[PDB]
Structure formats: structure tokens, C-alpha cells
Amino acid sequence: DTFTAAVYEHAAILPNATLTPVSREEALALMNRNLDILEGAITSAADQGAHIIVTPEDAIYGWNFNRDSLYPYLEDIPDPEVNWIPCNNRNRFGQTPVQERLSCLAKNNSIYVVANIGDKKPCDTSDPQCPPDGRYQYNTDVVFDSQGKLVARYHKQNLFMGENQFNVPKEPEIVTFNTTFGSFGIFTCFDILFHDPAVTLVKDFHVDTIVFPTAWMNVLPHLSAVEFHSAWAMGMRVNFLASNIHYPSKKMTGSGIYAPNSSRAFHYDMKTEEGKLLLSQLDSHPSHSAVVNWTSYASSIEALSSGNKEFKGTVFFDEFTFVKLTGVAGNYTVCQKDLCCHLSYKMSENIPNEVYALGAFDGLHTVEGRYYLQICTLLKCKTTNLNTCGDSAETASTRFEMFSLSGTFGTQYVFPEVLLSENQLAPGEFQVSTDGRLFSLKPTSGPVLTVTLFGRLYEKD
């Protein structure tokens, strides 16, 4: 059993902004301008045989708001158990034009529609957790099935810095929807960096596929959208539908359809101001059974390199312990605290003025969010100057003939990243072993930007 998946990267129409909150008529007019663009993508996806389409987070109203400027864009999204086809019973819950439009878009095109809108929940001064505003506001994903029915409502758990227009739910919402093409889980953007609901959906609810609306700001060398999202899909052994905002000015680009074995289709574009519809087939019930012990090989072996020239290098505000790669072939081991990284490599050639390092990181990230990390990285240094290792590098010339990366990870949640020049994925050029090794299967098709094993220690957050 297979199905055709679709994702749309959206060049959104943002509100003029701001000073005084707009009227509902003004807020709706803008939302409709974006909805007409998404209508265009939903119709082509359906015309091309897609069973489901994901549209990005904030695709309908943007990310620039305060609680009051956001209010006019919000709808009361009922509990999905309510059993409702907004396209067929338009006024069941009062004024809900966005839900009606999304419902008609899913019904008329006979396709599942995943979209991200805003929820309003009026509350009383009686309940303690009610805001002084008199309402809860949530960044909400909605799923409409092929018949137009609301089958999922998900309020974002992990709000990012400056998402002050939204509220965090009391308890994490573990939202799934079942179809004839597998069990589906859903979460949004920053959620992918945390345990709840992200990990829970995969390990406890045994979902086949994750639908992921995102408005992601790219951060090289490890946190580029296509790079990390496909890494997470591979590490969690699940299908992954990533639909991103297209805004190169904020480094927003990178949508794709990912399988447990490799990427299936991806899109990265920093040049044009245009959106992109992507389609690809996936297995409805992929195998999830391929277990990896991430510390096995690494904890067995002894240090591959002795007495080495080591230095501190900054990666996304985190101080990694590096070791320069001297030679067109080598065996290095670098440790930072509880983590020890091993690398075996052989380059296609020894390209001049191109420096590579092997890095190790064991510690807590605190800049613009807090999360414990354990990272082993083979990265291309931006320049020859060793103090530029870990700074975002977008191009490279060194193809590798072979690589094998591993670490003494104190976690079972490790995401294998392989990124080529210029933000290109490498399907299916690498594989992960039951031993916890990220290794090449053929020489890389393009130059290497990074080969990382991105570890996550949820308890140490």
C-alpha cells in the first residue's frame, strides 16, 4: 500500500502591520488573499493524484503579532469529536469562514488538507489559568479529510521566543488521525526539537507519518530545515511531510517529503520569491522496526587519534571541541565531556583552501531556547581560519569517497544529517548501522557541507 503525498512551500502575503488591531473584515480579506494561493496548490496536488496536502505554519496571516493585533484573525475551532463538515453545515458554530473554506477545499478536491490557523477559546475569570484578556489564543493546525470533515485540531505546545500572541495548552495535545493510507501524527515547527508531543506520537502512538506545518528560520550547519527535518524522520523511522514558509529574507526555505530510509523530494530556494508544490509517493505502513543503539560501536572502540591539536569552535552559540582534518584520509577521535566522537574518512581529492574539522558537543543550548544537546559533527569550516569552524558555510568543493561517524551518545534520540553544497540532501547515499554509525554507501554526489549525528537529551532540558 502506497499513497501520493504533497507539500507546498508558500510565499505568504503578510499583513501591512500594525499599531492598531485590524477589523475582522480587514483580517479576513488578507486571509482570503493567502487562501486563494493555497487553493491553487490544493487543486494541482489533487489534479496530480495526491491523497494529502500540507500547507505551512502562519501561511494565512504571518508571524508578526501581539495578542490584540492577532485577535481579529482567530476562529473558535470546535473539538474534532463534534463530527463536523463545515462545508455542509456552514453556521453550526457561528462565524467560521476560514474553516468553511478549508473544508470546501478538502471536499471539492477530494483531498486531505493540513493547514495552520488561529484558535480562540473564551474563558472565565473563574478558571485560574484564564488570561486577563478573557480568552486563550492558540497557534493551531487543522486537518480536513477528503469529505471535508474536521478530523484533527492541534494547539502548538512549544512556543518560540516572541510568540507572545499565543498560549501554551495545559497538557500536551497528542493528536492523530487515521486514514486508508496509514496512521498520522501532527506537530508544528519548534515542536520537532522537544519530546512532547513529537516523540510520544512516534514511540507510544506508533504513527506511520507526521504532517509538519512549519515557518522555519534556517541555521547552518545543523539546523537547516530540509537537513534536520529529514534527519528527524530517519532517526524516528517515520514518513514526514514538511511544508514551509517561503521568505528568503528571514532564511525561510526548505520543504520536502521524507521516508524512514531517505528523503523522497525536497525544495530549497534562496533566490526567487516564488512558492513550490512538491509531490511524491510513500509507503502507507513503512517498517519502523530498524532499531539503532547510538553508543554501541563508539563505546566499544579505543581513541582513533592520539595527542591532537584541539581547539574550541562556536556552532550556533555552542562551544564545540574540534580537531582539524589533516590529510586526504584519516581516523580521528575528539571528546567533549561525556561525549566521544569517532570519524574515519577518505576525500575524493585534497582541495586547496578548504578546511574540515571533527567536532564534539555535550551541553545545554540556551540562546533563543533551552534544550540539551550531544552532537558529533564532520563540518566544512567557512574559511581556512580554524576560528570559522561551526560558522554557517553554504558551499563546498570536497566530495568524500567514504565516511563513518559515531559517538558515545547518552541518548536514544539521535538524528543523522548529511548535507551537501548548497543545502542539497544526499538520498540514499548514506545509511545508519544497528551499531550507531552514520556511513557512506557510495562516494558523495556533490561536495560535503556536513555529516552530523544530532543527539537530544530530553531529561536534561
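Numbers follow the displayed sequence, beginning with 1.
> Does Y297 go missing in at least one third of the other entries compared here?
Looking at the other entries that model residues on either side of it, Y297 is present in every one.
> Across the other PDB entries of this protein that model residues on both sides of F93, is it left without coordinates in at least a third of them?
Per the records, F93 goes unmodelled in at least a third of the other entries.
> Compare the mean C-alpha B-factor of 441 to 449 with that of 17 to 25 as given in the PDB entry, and name the stretch with the higher value.
Taking the mean C-alpha B-factor of 441 to 449 and of 17 to 25, the larger value falls to 17 to 25.
> Which is higher on average in the deposited entry, the C-alpha temperature factors of 205 to 213 or of 313 to 321?
If you average the C-alpha B-factors of 205 to 213 and of 313 to 321, the larger mean comes out for 313 to 321.
> For the listed residues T179, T253, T200, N385, which one has the largest C-alpha B-factor as given in the deposited model?
Spelled out: the listed residue with the top C-alpha B-factor is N385.
> From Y138, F240, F266, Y297, which pick has the Cα B-factor that tops the rest in the entry?
It is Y297.
> Which third of the chain holds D145 when residues are ordered by C-alpha B factor: lowest, middle or highest?
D145: CA B-factor falls in the lowest third of its chain.
> Lowest, middle or highest third: which one holds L419 when the chain's residues are ordered by CA B-factor from the entry?
Ranked within chain, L419 CA B lands in the middle tercile.
> Quick check on the deposited entry: does the C-alpha B-factor of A41 sit in the lowest, middle or highest third of its chain?
It falls in the middle third of the chain.
> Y345's Cα B-factor: lowest, middle or highest third of the chain?
Tercile = highest for this residue's CA B-factor.
> Ranking the modelled residues of this chain by C-alpha B-factor as given in the entry, is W84 in the lowest, middle or highest third?
Middle third.
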